[PDB]
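Only one chain is included here, represented as structure tokens and corresponding to the form deposited in one PDB entry.
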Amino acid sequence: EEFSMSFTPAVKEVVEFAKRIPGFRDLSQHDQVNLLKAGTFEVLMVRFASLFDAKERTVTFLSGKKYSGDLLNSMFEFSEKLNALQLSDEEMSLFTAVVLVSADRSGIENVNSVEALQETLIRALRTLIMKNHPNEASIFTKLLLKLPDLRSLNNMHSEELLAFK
């Protein structure tokens, strides 16, 4: 409850976010549906982190209200680690687009076009991180390391979410 349904309109939000990713609407319709089908779960993981605060033990839901079981524990270790980097909203958005365009390539027909879009987003992320965190370049590396982590959480818990919310 009070979090079940909270992730239904969130799916609608990912679709709209993707549409705003420069170049996304150039990929085949086939590839756009597949990136969203495969990556929506990983983007939602990042969005959750963004609505968490281990610095105050508060978890805010896209729904509004604020509060403080083994996926939920993973979502906390994940969120704490990511929240540690102290990214700005702009970095957070760019990173989320990288996550979406980094999704499982199994159902993708034009991988070259998807890798080309990921490259463009990756280069901007690194460029944007170096500028806002000149002495913390490593922040960029830590973010890439999270891609394999999110793919595992996905492989393991997507079903217990991508089902009736």
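We call the rigid core the largest set of C-alpha positions that still match within 1.5 Å between the two forms. One-based numbering along the sequence shown.
Enquirer: Count, per the entry, the deposited residues between residue 112 and residue 113 that are not modelled, and return the matching class: none, 1 to 3, 4 to 9, or 10 or more.
Expert: Count of unmodelled residues in between: none.
Enquirer: Quick check: 38-46 versus 57-65, which has the larger average CA B-factor in the record?
Expert: On average, C-alpha B-factors are higher across 57-65.
Enquirer: Do the CA atoms of 74-82 or those of 87-95 have the higher mean B-factor in the entry?
Expert: Mean B over CA atoms: larger for 74-82.
Enquirer: Among 51, 103, 124, 33, single out the one with the highest C-alpha B factor in the record, please.
Expert: Across 51, 103, 124, 33, the entry lists the biggest C-alpha B-factor for 51.
Enquirer: Which third of the chain holds residue 23 when residues are ordered by C-alpha B factor: lowest, middle or highest?
Expert: CA B-factor rank for residue 23: middle third.
Enquirer: Among the modelled residues of this chain, does the Cα B factor of residue 146 put it in the lowest, middle or highest third?
Expert: For residue 146, whose C-alpha B-factor we compare with every modelled residue in the chain, the answer is the lowest third.
Enquirer: When the deposited Cα B-factors of this chain's modelled residues are ordered and cut into thirds, is residue 156 in the lowest, the middle or the highest one?
Expert: Middle third, going by the recorded CA B-factors of the chain.
Enquirer: Per the entry's values, where does residue 130 land by CA temperature factor relative to the rest of its chain, in the lowest, middle or highest third?
Expert: Highest third, going by the recorded CA B-factors of the chain.
We do not show the form deposited in another entry, though everything after this point is about it.
Enquirer: Just one of 109, 104, 53, 115 has a C-alpha that shifts by 2 Å or more between the shown form and the other one on a rigid core fit; which is it?
Expert: Result of the comparison: 53.
Enquirer: So, superposing on the core, is the move of residue 74 at the CA at least 2 angstroms between the shown form and the other one?
Expert: Yes; that C-alpha moves by at least 2 Å between the shown form and the other one.
Enquirer: When the two forms are laid on each other by their rigid core, does residue 130 show a Cα shift of 2 Å or more between the shown form and the other one?
Expert: No, shifts by less than 2 Å.
Enquirer: Once everything's superposed on the core, is residue 33 shifted 2 Å or more at the Cα between the shown form and the other one?
Expert: Where the cores coincide, residue 33 shows only a C-alpha shift between the shown form and the other one that is less than 2 Å.
Enquirer: Given a change of 3 Å or more, say if the Cα atoms of residue 52 and residue 153 sit closer or farther in the other entry than in this form.
Expert: Relative to this form, closer in the other entry.
Enquirer: Do the C-alpha atoms of residue 58 and residue 157 sit closer or farther apart in the other entry than they do here, given a shift of 3 Å or more?
Expert: Closer: residue 58 and residue 157 approach by 3 Å or more in the other entry.
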